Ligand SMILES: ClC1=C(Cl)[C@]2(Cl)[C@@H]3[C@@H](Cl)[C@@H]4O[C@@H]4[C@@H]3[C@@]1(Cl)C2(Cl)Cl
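Single chain ahead, by itself, as structure tokens, in the form deposited without this ligand.
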């Protein structure tokens, strides 16, 4: 029931995903690990709220069968809250490079002006990273299973219902429950990537038309490949998750900027994406990664 252009569109996205998603995280190496006034204090209090929402332990399984586990320190009003930030900055940077490589493989993305490519990746990188993370998220154990690395949500005092208050966690549980196919995830990534309303986009009409083509392909994929009645509104559920993910993106970017102000953690590539200091001149790494 899909057109050939739709089947080819999905094949290119799946090809790009296969080439650029290290699902085992086997090439994520050389990462850092936690070591073995008035307004300023206001800033610190807000940052403590930002970091407290997402608290995870880190597990490292060795080739020999050994297991290293890191339990995060409780908040005592000090830099210890930033213990896992160097590690997460390396993980985010690794994931961002994989997202950049994903976009570059796609013909519809490569044929765009390079400044639109920069603007689209700047606005969507976090979203595509979370979409990839959802495919390794274990909702039964609350753990992102990243090959030999695992990030396990810490039992907060409150239980699931307390975790669901955090939009990012509620997003992963709700998306995982839809039990999407690989093809549906990669179409979600394309719809997010080709968002015409991203800051700094100039060819809005071209991107909007490309986004509609992917959305129609996703809508048609669901109609043709899922039991018609029960999945009647699955496409709309997916689109609603994408709108919520864009909101979570804006919130996390503001959290990152607040943490960066008081306690620098972002890598040079992360600084370009977050706007930390011509689109190309303000994004030289991203420009190099796109032109190679």
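Numbering follows the first chain given and starts at 1.
Missing here is the form solved in complex with this ligand; even so, the following discussion is about that form.
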item	value
Listed residue that, although this ligand is not shown, lies within 4.5 Å of it in the deposited bound form (heavy atoms), from 108, 185, 221, 151	151
Partner-contacting position among 174, 168, 180, 206 - heavy atom within 4.5 Å of this ligand in the deposited bound form	168
Output flag, 54, 88 and 130 jointly within 4.5 Å of this ligand in the deposited bound form, heavy atom basis	yes
4.5 Å heavy atom contact, residue 195 and this ligand in the deposited bound form	no
Residue contact check: residue 92 to this ligand in the deposited bound form, 4.5 Å heavy atom	yes
Candidate stretches 109-117, 209-217, 187-195, 130-138 - the one whose heavy atoms come within 4.5 Å of this ligand in the deposited bound form	130-138
